[PDB]
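Novice: Sending over a structure as structure tokens; questions will come in a sec.
Each reported figure results from applying straightforward, stated rules to the coordinates on display, with no laboratory input. Cβ: placed from backbone, ideal geometry, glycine included. Neighbour counts: every protein chain shown.
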Amino acid sequence: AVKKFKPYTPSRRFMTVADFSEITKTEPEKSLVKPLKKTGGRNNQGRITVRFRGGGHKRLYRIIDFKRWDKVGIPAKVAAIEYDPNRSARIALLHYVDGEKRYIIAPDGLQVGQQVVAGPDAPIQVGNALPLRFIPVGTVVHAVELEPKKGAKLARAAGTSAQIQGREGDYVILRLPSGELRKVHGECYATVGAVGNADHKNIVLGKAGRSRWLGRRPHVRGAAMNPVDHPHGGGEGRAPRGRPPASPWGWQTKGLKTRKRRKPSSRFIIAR
Amino acid sequence: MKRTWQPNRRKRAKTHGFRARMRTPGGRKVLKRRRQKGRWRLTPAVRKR
Amino acid sequence: XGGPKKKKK
RNA sequence: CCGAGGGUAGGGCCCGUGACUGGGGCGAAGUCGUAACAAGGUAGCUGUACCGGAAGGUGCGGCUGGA
RNA sequence: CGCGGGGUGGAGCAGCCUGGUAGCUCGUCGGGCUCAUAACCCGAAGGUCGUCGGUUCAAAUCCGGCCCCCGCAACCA
RNA sequence: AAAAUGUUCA
RNA sequence: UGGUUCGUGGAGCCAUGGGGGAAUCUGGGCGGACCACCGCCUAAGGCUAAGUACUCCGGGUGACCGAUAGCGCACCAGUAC
RNA sequence: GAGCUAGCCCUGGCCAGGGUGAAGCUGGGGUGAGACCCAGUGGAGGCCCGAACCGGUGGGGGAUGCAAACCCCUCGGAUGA
RNA sequence: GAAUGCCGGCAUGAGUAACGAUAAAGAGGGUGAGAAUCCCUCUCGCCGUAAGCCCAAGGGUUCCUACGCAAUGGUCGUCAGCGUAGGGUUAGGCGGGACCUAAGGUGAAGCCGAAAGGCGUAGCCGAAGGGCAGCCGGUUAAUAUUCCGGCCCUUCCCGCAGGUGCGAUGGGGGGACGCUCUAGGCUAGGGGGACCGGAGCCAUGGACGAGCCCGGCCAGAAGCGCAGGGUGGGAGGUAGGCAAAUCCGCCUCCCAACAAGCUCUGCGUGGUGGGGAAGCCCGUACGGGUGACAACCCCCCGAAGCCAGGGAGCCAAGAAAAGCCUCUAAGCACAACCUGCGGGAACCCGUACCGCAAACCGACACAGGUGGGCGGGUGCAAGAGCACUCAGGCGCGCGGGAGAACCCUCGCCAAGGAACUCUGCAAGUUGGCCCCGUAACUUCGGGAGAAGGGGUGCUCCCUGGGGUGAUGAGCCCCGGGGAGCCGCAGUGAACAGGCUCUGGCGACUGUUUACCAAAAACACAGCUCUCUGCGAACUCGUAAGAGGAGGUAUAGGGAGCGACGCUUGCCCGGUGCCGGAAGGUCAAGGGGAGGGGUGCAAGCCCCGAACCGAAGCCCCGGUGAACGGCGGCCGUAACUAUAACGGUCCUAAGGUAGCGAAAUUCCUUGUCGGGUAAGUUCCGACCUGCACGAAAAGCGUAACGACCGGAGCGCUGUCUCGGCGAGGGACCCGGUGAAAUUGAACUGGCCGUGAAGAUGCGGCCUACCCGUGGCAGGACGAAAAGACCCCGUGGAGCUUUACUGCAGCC
RNA sequence: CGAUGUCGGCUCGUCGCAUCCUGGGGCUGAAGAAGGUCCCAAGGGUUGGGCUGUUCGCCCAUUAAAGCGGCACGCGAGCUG
Ligand SMILES: NC[C@@H]1O[C@H](O[C@H]2[C@@H](O)[C@H](O[C@@H]3[C@@H](O)[C@H](N)C[C@H](N)[C@H]3O[C@H]3O[C@H](CO)[C@@H](O)[C@H](O)[C@H]3N)O[C@@H]2CO)[C@H](N)[C@@H](O)[C@@H]1O
Ligand SMILES: [Mg+2]
Ligand SMILES: [Mg+2]
Ligand SMILES: [Mg+2]
Ligand SMILES: [Mg+2]
Ligand SMILES: [Mg+2]
Ligand SMILES: [Mg+2]
Ligand SMILES: [Mg+2]
Ligand SMILES: [Mg+2]
Ligand SMILES: [Mg+2]
Ligand SMILES: [Mg+2]
Ligand SMILES: [Mg+2]
Ligand SMILES: [Mg+2]
Ligand SMILES: [Mg+2]
Ligand SMILES: [Mg+2]
Ligand SMILES: [Mg+2]
Ligand SMILES: [Mg+2]
Ligand SMILES: [Mg+2]
Ligand SMILES: [Mg+2]
Ligand SMILES: [Mg+2]
Ligand SMILES: [Mg+2]
Ligand SMILES: [Mg+2]
Ligand SMILES: [Mg+2]
Ligand SMILES: [Mg+2]
Ligand SMILES: [Mg+2]
Ligand SMILES: [Mg+2]
Ligand SMILES: [Mg+2]
Ligand SMILES: [Mg+2]
Ligand SMILES: [Mg+2]
Ligand SMILES: [Mg+2]
Ligand SMILES: [Mg+2]
Ligand SMILES: [Mg+2]
Ligand SMILES: [Mg+2]
Ligand SMILES: [Mg+2]
Ligand SMILES: [Mg+2]
Ligand SMILES: [Mg+2]
Ligand SMILES: [Mg+2]
Ligand SMILES: [Mg+2]
Ligand SMILES: [Mg+2]
Ligand SMILES: [Mg+2]
Ligand SMILES: [Mg+2]
Ligand SMILES: [Mg+2]
Ligand SMILES: [Mg+2]
Ligand SMILES: [Mg+2]
Ligand SMILES: [Mg+2]
Ligand SMILES: [Mg+2]
Ligand SMILES: [Mg+2]
Ligand SMILES: [Mg+2]
Ligand SMILES: [Mg+2]
Ligand SMILES: [Mg+2]
Ligand SMILES: [Mg+2]
Ligand SMILES: [Mg+2]
Ligand SMILES: [Mg+2]
Ligand SMILES: [Mg+2]
Ligand SMILES: [Mg+2]
Ligand SMILES: [Mg+2]
Ligand SMILES: [Mg+2]
Ligand SMILES: [Mg+2]
Ligand SMILES: [Mg+2]
Ligand SMILES: [Mg+2]
Ligand SMILES: [Mg+2]
Ligand SMILES: [Mg+2]
Ligand SMILES: [Mg+2]
Ligand SMILES: [Mg+2]
Ligand SMILES: [Mg+2]
Ligand SMILES: [Mg+2]
Ligand SMILES: [Mg+2]
Ligand SMILES: [Mg+2]
Ligand SMILES: [Mg+2]
Ligand SMILES: [Mg+2]
Ligand SMILES: [Mg+2]
Ligand SMILES: [Mg+2]
Ligand SMILES: [Mg+2]
Ligand SMILES: [Mg+2]
Ligand SMILES: [Mg+2]
Ligand SMILES: [Mg+2]
Ligand SMILES: [Mg+2]
Ligand SMILES: [Mg+2]
Ligand SMILES: [Mg+2]
Ligand SMILES: [Mg+2]
Ligand SMILES: [Mg+2]
Ligand SMILES: [Mg+2]
Ligand SMILES: [Mg+2]
Ligand SMILES: [Mg+2]
Ligand SMILES: [Mg+2]
Ligand SMILES: [Mg+2]
Ligand SMILES: [Mg+2]
Ligand SMILES: [Mg+2]
Ligand SMILES: [Mg+2]
Ligand SMILES: [Mg+2]
Ligand SMILES: [Mg+2]
Ligand SMILES: [Mg+2]
Ligand SMILES: [Mg+2]
Ligand SMILES: [Mg+2]
Ligand SMILES: [Mg+2]
Ligand SMILES: [Mg+2]
Ligand SMILES: [Mg+2]
Ligand SMILES: [Mg+2]
Ligand SMILES: [Mg+2]
Ligand SMILES: [Mg+2]
Ligand SMILES: [Mg+2]
Ligand SMILES: [Mg+2]
Ligand SMILES: [Mg+2]
Ligand SMILES: [Mg+2]
Ligand SMILES: [Mg+2]
Ligand SMILES: [Mg+2]
Ligand SMILES: [Mg+2]
Ligand SMILES: [Mg+2]
Ligand SMILES: [Mg+2]
Ligand SMILES: [Mg+2]
Ligand SMILES: [Mg+2]
Ligand SMILES: [Mg+2]
Ligand SMILES: [Mg+2]
Ligand SMILES: [Mg+2]
Ligand SMILES: [Mg+2]
Ligand SMILES: [Mg+2]
Ligand SMILES: [Mg+2]
Ligand SMILES: [Mg+2]
Ligand SMILES: [Mg+2]
Ligand SMILES: [Mg+2]
Ligand SMILES: [Mg+2]
Ligand SMILES: [Mg+2]
Ligand SMILES: [Mg+2]
Ligand SMILES: [Mg+2]
Ligand SMILES: [Mg+2]
Ligand SMILES: [Mg+2]
Ligand SMILES: [Mg+2]
Ligand SMILES: [Mg+2]
Ligand SMILES: [Mg+2]
Ligand SMILES: [Mg+2]
Ligand SMILES: [Mg+2]
């Protein structure tokens with residue numbers, strides 16, 4: 001839906017906030033299962049190695065369930081859907097009859113009170129997790145494992161999915177959010193449905209501060225700098241570059257393919 | 001204005017203390033040099049309890 | 001002193 | 001007290017005027033091209049969109065005031 | 001002032017560096033086709049090559065001096 | 001298959 | 001590739017990182033590419049005084065200084081600052 | 001050497017008093033149901049005035065200064081990057 | 001004898017500048033060898049969201065006291081923060097540690113690295129964060145939540161008395177958290193009082209009065225009382241909480257849905273304890289006595305503080321661990337644990353004093369810097385603002401005279417109002433609140449405090465709402481209406497926008513050159529391009545490792561543009577990037593035609609042609625929101641003029657829209673038009689654009705601006721054009737007393753001359769010796785071995801299709 | 001070049017005359033008035049604005065006239081910037 005504001009201030013005239021109506025009466029989270037201390041820090045042991053990180057709201061990590069094959073066969077009741085500061089998506093709090101409480105990343109269409117479960121069994125319904133094989137060709141799916149028993153790694157961003165395209169002996173072909181065509185092992189779990197919160201892309205930050213709230217420090221142009229700092233630094237009053245556009249570290253930034261050629265992963269990929 | 005000396009007993013101790021110098025080869029040599037020199041004070045005297 | 005002023009005037 | 005009126009400030013409607021600019025009307029025999037009327041030599045017209053010295057061209061849908 | 005590029009039939013351009021041979025398009029002229037014009041077709045004419053010098057057996061062509069034309073430069077005070 | 005034009009008034 | 005006077009030089013010898021990979025005296029390395037001949041040695045295990053270097057320390061001497069010199073310090077100096 | 005300074009991390013503190021009056025609520029109106037409109041409530045904001053506080057715009061003084069960046073008048077922000 | 005030489009010493013300027021805020025001093029009396037400066041009294045001024053109190057950091061004897069003045073004090077000094085000596089810092093409850101965990105540090109296992117070393121889950125360390133039991137008075141010259149007095153708590157250990165399956169570093173719960181706004185009841189704090197208590201006081205015209213003045217509390221266990229915070233009670237089933245659980249979690253039936261009940265705080269009350277003014281009398285360098293049997297009560301305002309883990313709303317979604325409760329396991333249940341009561345035990349370090357400053361950071365008794373808490377009263381709408389003033393603390397460690405110039409800081413001015421000037425720079429006008437009233441434009445919010453105005457004090461009368469009180473008196477808040485009074489003037493003092501029109505740039509709040517640039521630079525939301533399938537790309541590190549990210553294409557890295565609106569054209573030849581299992585070239589290596597050297601020979605040893613040989617380059621395509629680029633010359637229309645139209649050469653293609661003398665326009669003050677008496681500027685136009693132009697974006701855009709330009713009104717000392725006055729200096733006297741500089745000096749003008757700008761040489765002229773206050777023409781004045789410039793086969797930063805390497809990648 | 005601060009403005013001036021005005025004079029194609037030109041003469045005087053950093057210049061309103069130069073394109077230990 002997206003919340004919109006009137007221009008009672010500049011920067012409030014474009015600004016735009018998510019709709020939280022799917023956030024069920026459960027705004028503060030769940031101890032026990034999560035949260036952990038989350039360790040803010042824009043850099044490695046010592047030095048900054050990703051520029052322009054820092055500031056922005058304190059967070060608690062929700063330790064979510066990315067391998068659903070523990071509770072094969074054990075169903076769970078979806079108890080709530082809550083805000084997760086550390087991902088684009090929303091998260092489902094679910095209660096297993098087992099007693100155990102996990103969070104699942106919350107798919108589009110998930111309703112509270114719903115039944116959900118994981119395993120070879122598993123009715124093909126939104127919320128359920130299955131090894132890729134038993135899932136019908138053509139159904140859209142998410143939180144897909146890359147290699148079996150290694151955890152969900154594909155399609156967890158808000159409003160993303162992959163679609164099952166066909167099969168090939170032990171592998172089923174996937175069409176990933178990027179549009180790539182991937183052979184992913186049959187035995188990999190993946191949960192049916194799309195991610196949801198799909199209006200995430202429609203949000204307009206609206207002002208500088210908002211950027212900072214999310215811990216995004218000001219990014220400065222190479223043009224703004226000096227020859228010591230950047231290939232684009234200097235010279236006089238503005239300058240068009242004077243070389244093929246580059247990163248600060250000298251590599252070209254328009255076109256230069258960067259995936260290494262001889263990756264053994266290659267023989268499992270069929271697209272862009 | 002604000003000058004450059006902003007005394008702190010903990011800082012002076014953690015920074016220039018006998019135990020800091022002892023911790024690394026760089027520092028151990030400092031004690032060696034100061035000893036051979038005949039320095040009355042190997043490290044700065046940080047006070048208080 | 002140590003300068004550090006540049007030769008202006 | 002009110003008060004003709006004068007003063008100060010700020011709006012509204014109308015008239016006149018202005019370097020320049022826009023298209024228009026009209027003025028026998030100036031220029032360029034051929035759009036339309038015959039199937040006008042690409043049927044025409046059309047709303048819209050883009051483009052082109054100019055009529056105009058073309059895309060999409062429509063019409064018979066054409067086959 | 002300095003630099004380097006150019007004047008070739010009526011118009012716009014080749015031809016030079018490896019000297020002896022001036023060609024292309026348009027235009028012009030004569031003839032056709034058309035009722036007539038253009039378009040189109042067949043023929044033809046037209047160049048002291050900016051000048052002054054000489055280098056050579058021979059100069060559009062190579063070398064000097066002027067004459068216009070075009071472009072670049074004139075910085076630090 | 002391609003083919004433009006015909007000064008003004010009677 | 002390093003070492004040797006040897007800077008690829010005709011470049012050996014001595015070390016070695018990589019690859020291949022023997023032999024036990026009729027076996028093996030060397031005498032400056034290489035081959036022959038003639039000779040010198042016996043690798044891939046280790047220990048070994050003395051002669052040599054040095055002067056914190058003790059002593060002796062001086063065509064060494066004599067308090068701006070001689071060590072930074074002749075004096076409670078690596079102090080005061 | 002980051003006790004100045006730059007950034008980030010962890011944990012605390014601070015921001016007088018005034019204004020302006022968004023969403024949303026409640027009532028009324030309207031409609032087939034709506035959209036929407038009126039109040040009333042509400043208290044939003046890199047919102048406004050303005051101390052503390054953080055600054056350093058303009059001018060004057062200062063120039064072996066009170067001061068190796070100060071002082072006077074004036075001025076920017078002041079619930080947020 | 002020289003090196004702007006080095007060390008030291010002493011001169012010069014010089015009794016000159018200065019003596020550190022313009023908050024301010026006068027006098028009497030002491031003490032003393034000696035007093036503007038020390039002690040005391042009186043008078044005066046200054047601070048009072050401090051220039052007053054209390055901590056933290058830091059400082060380390062500065063604290064108190066005795067005796068002292070050589071030096072330190074910008075003067076003096078009998079004084080001191082200085083010298084000599086002595087004295088002073090008391091804790092189970094405050095803080096820190098025998099408690100906990102955060103970032104981070106360290107680090108067993110383990111991984112890595114030529115060595116030194118680097119990483120690293122557990123654990124440990126690590127603190128104004130979590131946890132934790134003292135409040136109020138009294139004493140010292142100097143310490144007190146520490147000693148003492150009263151009242152009240154905390155742990156251990158050993159006992160008795162009784163309760164129960166007790167019981168782990170293990171499980172679970174709790175602890176436990178954001179921002180903004182907030183309700184109810186309290187306390188701190190404050191105002192008032194005809195009531196209570198007090199020494200006193202009638203002055204100078206009047207007042208013996210419900211008169212003036214001063215003061216009317218604090219702490220306090222249990223139990224209450226009032227606020228409020230926490231929390232459902234059962235019974236079954238159970239596969240999860242990494243062993244086990246009765247616990248928790250998940251189901252299913254009952255009763256509650258209430259704070260009824262359990263507890264937990266806060267506040268009142270409380271056995272009792274303590275305090276207790278003005279004034280007067282005393283002797284202090286200060287404290288004491290009395291006032292006292294002191295009284296110790298009633299209203300009112302009221303928090304940002306307490307009840308606290310309260311409530312509501314919002315998005316950016318808001319530490320951990322232990323104490324604490326509980327569950328069980330090994331063990332053991334003559335243990336052990338819990339409740340109650342007794343006795344006993346309760347360590348280590350800090351405590352002085354400064355603490356917005358003369359004791360900390362600035363070489364100084366330095367006008368600067370320095371974190372937290374309290375910060376009273378009145379009035380001005382409020383308030384931590386502003387003026388004065390409680391308490392408290394100061395008059396800033398040189399003074400005394402004088403009444404010049406000139407400077408600083410400030411007040412006022414005839415008439416004119418910007419004529420000043422690069423510019424209204426500066427200074428003035430305006431100014432608070434309440435109420436009328438407000439334009440273009442606009443993204444519908446704004447522009448708005450538009451602009452422009454009126455009201456503002458005091459007296460009396462009438463009157464409407466609340467709040468606390470019972471539905472009332474009072475006390476406290478908002479109002480309305482009507483008469484009237486005075487002054488030049490009613491936010492009468494102090495704090496408090498000048499306004500408008502129109503361009504340029506940037507959307508905007510923001511950020512920036514600490515120490516000359518705050519902007520149109522940077523950033524910014526947003527747009528696009530590109531990279532990246534996750535052991536991601538990218539980055540740091542030799543590596544291990546880590547960031548990215550405990551993220552996963554709505555994600556992350558790089559680049560450009562920089563809200564928004566309308567848009568962003570043509571060129572892929574060159575350069576870059578992307579795509580091409582062909583072809584050309586291609587290094588090691590494979591391959592050996594064949595040749596060479598030695599050998600009597602088998603052999604040993606050299607070279608070495610075909611051919612097989614990757615990437616890269618070539619080559620073939622693609623690609624401009626990739627690096628970039630986007631023409632010239634002639635002719636032509638029935639007045640001329642101009643050229644829709646034509647020819648031609650060249651290119652990879654020959655700048656479209658929109659804009660244009662521009663932050664771009666050289667010729668240039670282009671030419672018209674506007675504003676002005678007059679306008680190299682400014683605005684609007686024309687287009688001949690030296691040399692605009694579409695994401696190094698193009699043209700516009702409401703709002704916004706310590707940005708830049710133009711104009712106008714208002715208003716002025718900016719000016720015409722100055723004048724007067726104030727104080728701080730200057731000046732004189734007493735005291736203390738520098739500096740840069742300096743070859744030496746007995747240092748005149750002119751005209752000449754001289755290395756070409758003479759006090760010093762020549763000629764003439766003028767001029768008794770020496771100071772003080774001033775002015776700056778000169779001593780090519782001072783200060784810095786010229787920053788410009790050039791030189792040196794001097795040095796650095798940067799660049800690239802300069803050379804040669806290296807990382808990285810292939 | 002071990003430093004001579006470099007434009008213009010303000011301020012304060014002073015000097016040369018090859019004079020802008022005023023005084024005196026010759027010639028005039030000088031009727032008069034008003035001009036033209038040359039000689040003598042510097043004693044004194046030589047405005048205020050708009051524009052521009054400007055010097056200069058162009059303008060507006062005047063005037064007896066709106067003089068020209070030198071003095072380190074006079075004058076920054078005088079100011080401005
Ligand atoms: N008046 C007609 C409107 O204006 C235009 O028409 C104007 C012109 O286009 C037109 O020009 C014509 C031209 O078309 C035609 N081929 C040649 C003719 N000689 C011209 O004529 C014009 O110019 C001449 C002067 O020389 C005048 O005398 C005459 O009046 C005038 N019509 O003359 C018209 C003025 O009267 C549009 N073309 C027409 O379609 C429109 O409806
Ligand atoms: Mg926890
Ligand atoms: Mg690192
Ligand atoms: Mg480290
Ligand atoms: Mg940027
Ligand atoms: Mg820059
Ligand atoms: Mg660079
Ligand atoms: Mg440029
Ligand atoms: Mg560049
Ligand atoms: Mg009009
Ligand atoms: Mg036709
Ligand atoms: Mg047709
Ligand atoms: Mg047609
Ligand atoms: Mg159409
Ligand atoms: Mg077309
Ligand atoms: Mg220069
Ligand atoms: Mg025709
Ligand atoms: Mg006809
Ligand atoms: Mg006729
Ligand atoms: Mg060698
Ligand atoms: Mg060998
Ligand atoms: Mg040998
Ligand atoms: Mg030999
Ligand atoms: Mg041998
Ligand atoms: Mg001797
Ligand atoms: Mg001697
Ligand atoms: Mg010595
Ligand atoms: Mg010595
Ligand atoms: Mg409302
Ligand atoms: Mg508000
Ligand atoms: Mg604000
Ligand atoms: Mg403000
Ligand atoms: Mg700053
Ligand atoms: Mg000599
Ligand atoms: Mg000197
Ligand atoms: Mg000396
Ligand atoms: Mg003097
Ligand atoms: Mg003097
Ligand atoms: Mg003096
Ligand atoms: Mg003083
Ligand atoms: Mg005495
Ligand atoms: Mg006062
Ligand atoms: Mg002492
Ligand atoms: Mg003392
Ligand atoms: Mg003294
Ligand atoms: Mg002093
Ligand atoms: Mg004494
Ligand atoms: Mg003392
Ligand atoms: Mg404690
Ligand atoms: Mg102990
Ligand atoms: Mg610990
Ligand atoms: Mg840790
Ligand atoms: Mg470590
Ligand atoms: Mg500890
Ligand atoms: Mg604590
Ligand atoms: Mg138990
Ligand atoms: Mg626990
Ligand atoms: Mg009387
Ligand atoms: Mg009590
Ligand atoms: Mg279990
Ligand atoms: Mg008493
Ligand atoms: Mg709450
Ligand atoms: Mg622990
Ligand atoms: Mg436990
Ligand atoms: Mg104490
Ligand atoms: Mg104390
Ligand atoms: Mg004390
Ligand atoms: Mg303070
Ligand atoms: Mg002082
Ligand atoms: Mg001070
Ligand atoms: Mg402060
Ligand atoms: Mg207060
Ligand atoms: Mg007020
Ligand atoms: Mg104040
Ligand atoms: Mg006046
Ligand atoms: Mg007047
Ligand atoms: Mg006026
Ligand atoms: Mg003017
Ligand atoms: Mg003027
Ligand atoms: Mg101006
Ligand atoms: Mg001003
Ligand atoms: Mg403006
Ligand atoms: Mg503007
Ligand atoms: Mg801006
Ligand atoms: Mg700003
Ligand atoms: Mg600066
Ligand atoms: Mg500045
Ligand atoms: Mg600014
Ligand atoms: Mg990683
Ligand atoms: Mg991570
Ligand atoms: Mg990206
Ligand atoms: Mg930009
Ligand atoms: Mg920009
Ligand atoms: Mg821009
Ligand atoms: Mg191509
Ligand atoms: Mg190209
Ligand atoms: Mg290309
Ligand atoms: Mg390629
Ligand atoms: Mg190849
Ligand atoms: Mg483009
Ligand atoms: Mg123009
Ligand atoms: Mg330009
Ligand atoms: Mg004009
Ligand atoms: Mg004009
Ligand atoms: Mg441009
Ligand atoms: Mg561009
Ligand atoms: Mg004046
Ligand atoms: Mg005075
Ligand atoms: Mg004196
Ligand atoms: Mg003399
Ligand atoms: Mg001379
Ligand atoms: Mg002489
Ligand atoms: Mg002389
Ligand atoms: Mg002088
Ligand atoms: Mg000098
Ligand atoms: Mg020099
Ligand atoms: Mg050289
Ligand atoms: Mg050198
Ligand atoms: Mg020089
Ligand atoms: Mg000199
Ligand atoms: Mg004369
Ligand atoms: Mg005459
Ligand atoms: Mg003007
Ligand atoms: Mg001007
Ligand atoms: Mg000049
Ligand atoms: Mg003169
Ligand atoms: Mg000159
Ligand atoms: Mg000059
Ligand atoms: Mg100056
Ligand atoms: Mg001078
Ligand atoms: Mg300037």
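Novice: For a quick protection proxy, order the peptides A:20-32, A:165-177 by their average other-Cβ count within 10 Å, most packed first. Could you put the intermediate results ahead of the total?
Specialist: Details: A:20-32: 12.3, A:165-177: 15.8.
So the order, starting with the most tightly packed, is A:165-177, A:20-32.
Novice: With contacts defined as alpha carbon pairs under 8 Å and 6 or more residues apart, what's the relative contact order of chain A in percent?
Specialist: Details: 565 pairs, mean separation 46.8, N = 272.
Relative contact order here is 17 percent.
Novice: Here's something else I'd like to know. Where the centroid of each part is defined by its Cα atoms, how far is region A:99-174 from region A:24-59 in Å?
Specialist: 27 Å
Novice: Placing unit charges on C-beta atoms (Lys and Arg positive, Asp and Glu negative, everything else neutral), compute the dipole magnitude of region A:34-193 about its Cα centre in debye, rounded to 20. All intermediate terms of the calculation are to be shown ahead of the outcome.
Specialist: Values: 27 positive and 14 negative charges, 215 e Å.
Its charge dipole is roughly 1040 debye.
Novice: Now for a different question. Counting other beta carbons within 10 Å of each Cβ, put A:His232, A:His95, A:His142 in order, fewest first. Please list the in-between numbers first.
Specialist: Numbers: A:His232 21, A:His95 15, A:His142 27.
By the 10 Å Cβ count, ascending: A:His95, A:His232, A:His142.
Novice: Under 8 Å for C-alpha pairs, at least 6 residues apart: give me the relative contact order for region A:165-229, rounded to a whole percent. Please list the in-between numbers first.
Specialist: Details: 33 pairs, mean separation 9.5, N = 65.
Relative contact order, region A:165-229: 15 percent.
Novice: Follow-up. Charges only on Cβ, +1 for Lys and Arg, -1 for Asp and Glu: so what's the dipole of region A:19-110 about the Cα centre, in debye to the nearest 20?
Specialist: Here region A:19-110 has a charge dipole of around 660 debye.
Novice: To continue, here is another question. Given A:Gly55, A:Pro28, A:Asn43, which one lies farthest toward the positive end of the charge dipole of region A:18-66, if we put +1 on the Cβ of every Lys and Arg and -1 on the Cβ of every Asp and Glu?
Specialist: Checking the options against the dipole of region A:18-66, the answer is A:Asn43.
Novice: When we measure straight from the Cα of A:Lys257, which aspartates and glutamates land under 13 angstrom away, once same-chain ones fewer than 8 places off are left out?
Specialist: Qualifying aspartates and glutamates at Cα under 13 Å: none.
Novice: Another question, then. Could you check the simple spin-label distance between A:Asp19 and A:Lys6, using points 7 Å along Cα→Cβ, in nm with one decimal?
Specialist: 2.2 nm
Novice: Tabulate in residue order the Karplus-calculated ³J(HN,Hα) for region A:3-17, using 6.51 cos²θ - 1.76 cosθ + 1.60 with θ = phi - 60°, rounded to whole Hz; enter x for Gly and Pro.
Specialist: Listing the rounded values in order: 7, 10, 10, 7, x, 6, 9, x, 6, 9, 8, 10, 3, 6, 10 Hz.
Novice: So which of A:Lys4/A:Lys67; A:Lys25/A:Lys71; A:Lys67/A:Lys183; A:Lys153/A:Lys201; A:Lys25/A:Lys67 end up more than 30 Å apart by C-alpha? Walk me through the numbers on the way to the answer.
Specialist: Numbers: A:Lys4/A:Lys67 37 Å; A:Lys25/A:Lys71 27 Å; A:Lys67/A:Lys183 20 Å; A:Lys153/A:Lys201 21 Å; A:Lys25/A:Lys67 27 Å.
Over 30 Å apart, Cα to Cα: A:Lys4/A:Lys67.
Novice: Rounded to the nearest 0.05, what FRET efficiency is calculated for A:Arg261 and A:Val50 with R0 set to 25 Å and r the Cβ-Cβ distance? Before the final figure, lay out each step's value.
Specialist: Values: r = 25 Å, r/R0 = 1.02.
Computed FRET efficiency for A:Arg261 and A:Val50: 0.45.
Novice: Sort A:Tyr103, A:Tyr8, A:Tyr96, A:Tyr189 by Cβ crowding within 10 Å, fewest neighbours at the top.
Specialist: Details: A:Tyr103 21, A:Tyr8 7, A:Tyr96 16, A:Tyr189 25.
Starting with the residue having the fewest Cβ neighbours, the order is A:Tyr8, A:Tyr96, A:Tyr103, A:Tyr189.
Novice: Shifting gears a bit: Could you tell me which of A:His185, A:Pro264, A:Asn226 has its Cα farthest along the dipole of region A:174-272 towards the positive end, charges placed at Cβ (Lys, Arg +1; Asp, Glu -1), taken about the Cα centre?
Specialist: A:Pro264
Novice: Please report the relative contact order for chain B, taking Cα pairs under 8 Å with a sequence separation of at least 6, and give it as a percent rounded to a whole number.
Specialist: So the answer I get is 40 percent.
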